[PDB]
Structure formats: structure tokens, C-alpha cells
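Below you'll find the structure, written out as C-alpha cells, and then a few comments.
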Amino acid sequence: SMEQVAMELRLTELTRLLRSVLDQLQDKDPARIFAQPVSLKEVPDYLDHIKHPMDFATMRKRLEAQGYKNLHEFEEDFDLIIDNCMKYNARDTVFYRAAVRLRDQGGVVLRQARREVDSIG
């Protein structure tokens, strides 16, 4: 149906906007602390602590499969990256501090992305 095509074109355009949001958020992590999944070989207890691990590579695979239907879903995953790190790691650590900085800087980007998603539809 033509309705299904138009919906898919909207999904595709959301995916475009989310890819750019993702690039801007990742630029706020120059250290690359959040680039890849936590290794269970190197942190064998990780899953006892963290129930839903997340990282920018895993967000990027979901994105390229057009797997985010709305900004809310994308934000949920971004928040997991931050929130997981701030639980596993103590306040005095480079990891925790990096998550705080990513959150604060990411907020700016996400605030305007929400306006763009509403504005364009």
C-alpha cells in the first residue's frame, strides 16, 4: 500500500535524523569509553550488576536496521549507556565522570532533536 510506503519514508527520515544525533552524542565521548560493549571476558561479573548493557556500536546496529520507531526509544538506549556506567563505576572514577559529561553535553543535542522530530513530524 501507498500508506505503508509513506510510513516507511517517515521511519527512514527519522533514521537519518537519529544518525546525526548519534554522531553528535558520540563526539561528546572523545575518549571512546562508550564506543563498544563492555567485554564479559574482561568484566566477567558485569551481567550480575547490569541487566541491559548498552553502547554506541550496539545503538548504531539497531539504527541501521531502522530499529528505533521514535526518539523516545533512542533516548532510552542513550540513557542506558549513561545510567549503567554510573551504577557500575564509583563517583571518583574516570568512567563515571565521563558519563556525567556525556549526559550534560548530550542533553543539549537531545533537546533540539525533540524540537526537530515534533517540528518535521
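Ordered as shown in the C-alpha cells, chains take letters A, B, and onward, while each chain numbers its residues from 1 and ligands are numbered from 1 in the order shown.
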Residues near residue A:52, anyone? I mean within 12 Å using only C-alpha atoms, not counting same-chain ones fewer than 4 positions away, as number ranges by chain. A: 37-38, 46-48, 58, 76-85
Got time to write the residues from that selection, C-alpha atoms, as a JSON list (two decimals), in the first residue's frame?
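The file below, part.json, is the result:
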```
[["chain", "number", "residue", "atom", "x", "y", "z"],
["A", 37, "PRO", "CA", 30.09, -3.19, 24.61],
["A", 38, "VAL", "CA", 31.66, -3.89, 27.94],
["A", 46, "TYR", "CA", 29.17, -7.44, 34.52],
["A", 47, "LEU", "CA", 25.79, -9.03, 33.92],
["A", 48, "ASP", "CA", 25.30, -9.66, 37.67],
["A", 58, "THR", "CA", 25.01, -1.59, 19.59],
["A", 76, "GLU", "CA", 16.11, 5.09, 26.33],
["A", 77, "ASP", "CA", 19.22, 3.38, 24.91],
["A", 78, "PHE", "CA", 21.33, 6.54, 25.33],
["A", 79, "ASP", "CA", 20.22, 6.79, 28.90],
["A", 80, "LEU", "CA", 21.20, 3.09, 29.48],
["A", 81, "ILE", "CA", 24.73, 3.90, 28.37],
["A", 82, "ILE", "CA", 24.98, 6.66, 30.96],
["A", 83, "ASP", "CA", 22.98, 5.07, 33.71],
["A", 84, "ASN", "CA", 24.72, 1.69, 33.52],
["A", 85, "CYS", "CA", 28.13, 3.36, 33.79]]
```
So that I can check the surroundings of stretch 22-30 of chain A, please list as an mmCIF file with N, CA, C and O atoms, in the first residue's frame every protein, DNA and RNA residue that reaches within 8 Å of it, counting only C-alpha atoms and ignoring chain neighbours fewer than 5 positions away.
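What follows is the written file out-v3.cif:
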```
data_model
loop_
_atom_site.group_PDB
_atom_site.id
_atom_site.type_symbol
_atom_site.label_atom_id
_atom_site.label_comp_id
_atom_site.auth_asym_id
_atom_site.auth_seq_id
_atom_site.Cartn_x
_atom_site.Cartn_y
_atom_site.Cartn_z
ATOM 1 N N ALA A 35 32.057 3.519 23.261
ATOM 2 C CA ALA A 35 32.043 3.083 21.859
ATOM 3 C C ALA A 35 31.642 1.650 21.610
ATOM 4 O O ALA A 35 31.023 1.344 20.575
ATOM 5 N N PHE A 56 27.516 2.524 22.058
ATOM 6 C CA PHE A 56 27.213 3.245 20.817
ATOM 7 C C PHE A 56 27.241 2.308 19.618
ATOM 8 O O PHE A 56 26.440 2.490 18.669
ATOM 9 N N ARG A 60 24.127 1.881 17.083
ATOM 10 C CA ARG A 60 24.343 2.033 15.650
ATOM 11 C C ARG A 60 23.818 0.817 14.838
ATOM 12 O O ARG A 60 23.161 1.015 13.820
ATOM 13 N N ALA A 98 33.123 10.553 33.018
ATOM 14 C CA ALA A 98 32.899 10.613 31.559
ATOM 15 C C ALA A 98 31.389 10.507 31.199
ATOM 16 O O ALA A 98 30.908 11.170 30.248
ATOM 17 N N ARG A 101 29.635 13.807 31.967
ATOM 18 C CA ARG A 101 29.941 14.803 30.984
ATOM 19 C C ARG A 101 29.174 14.548 29.682
ATOM 20 O O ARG A 101 28.629 15.482 29.088
ATOM 21 N N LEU A 102 29.072 13.295 29.296
ATOM 22 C CA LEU A 102 28.261 12.869 28.146
ATOM 23 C C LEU A 102 26.792 13.179 28.320
ATOM 24 O O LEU A 102 26.156 13.700 27.398
ATOM 25 N N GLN A 105 26.320 17.204 28.180
ATOM 26 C CA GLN A 105 26.501 17.623 26.811
ATOM 27 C C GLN A 105 25.483 17.036 25.842
ATOM 28 O O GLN A 105 25.087 17.702 24.875
ATOM 29 N N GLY A 106 25.092 15.792 26.071
ATOM 30 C CA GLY A 106 24.064 15.159 25.268
ATOM 31 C C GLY A 106 22.692 15.791 25.371
ATOM 32 O O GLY A 106 21.926 15.790 24.379
ATOM 33 N N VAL A 109 21.905 18.427 22.771
ATOM 34 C CA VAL A 109 21.637 17.864 21.466
ATOM 35 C C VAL A 109 20.227 17.289 21.409
ATOM 36 O O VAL A 109 19.506 17.457 20.429
#
```
DSSP on the backbone, alpha helix (DSSP H) only: what residues of stretch 69-110 of chain A does that give? Format it as a ChimeraX atom specification. /A:71-88,94-110
Give the answer as one residue: which of A:40, A:117, A:5, A:18 has the shortest atom-to-atom distance to residue A:67, using only C-alpha atoms?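 Once distances to residue A:67 are computed over only C-alpha atoms, the minimum belongs to A:18.
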Which residue of A:19, A:10, A:65, A:31 approaches residue A:97 most closely, using only C-alpha atoms: A:31
Go ahead and compute the interatomic distance for atom CA of residue A:107 and atom CA of residue A:51, in Å to one decimal. 24.0 Å
In terms of the shortest atom-to-atom distance over only C-alpha atoms, which of A:86, A:99, A:6, A:59 is closest to residue A:21? A:59
I'd like the interatomic distance between atom CA of residue A:4 and atom CA of residue A:120, to a tenth of an Å.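 Between atom CA of residue A:4 and atom CA of residue A:120 the gap is 18.7 Å.
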Atom CA of residue A:16 to atom CA of residue A:115, distance in Å rounded to a single decimal: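 Result for atom CA of residue A:16 versus atom CA of residue A:115: 15.3 Å, one decimal.
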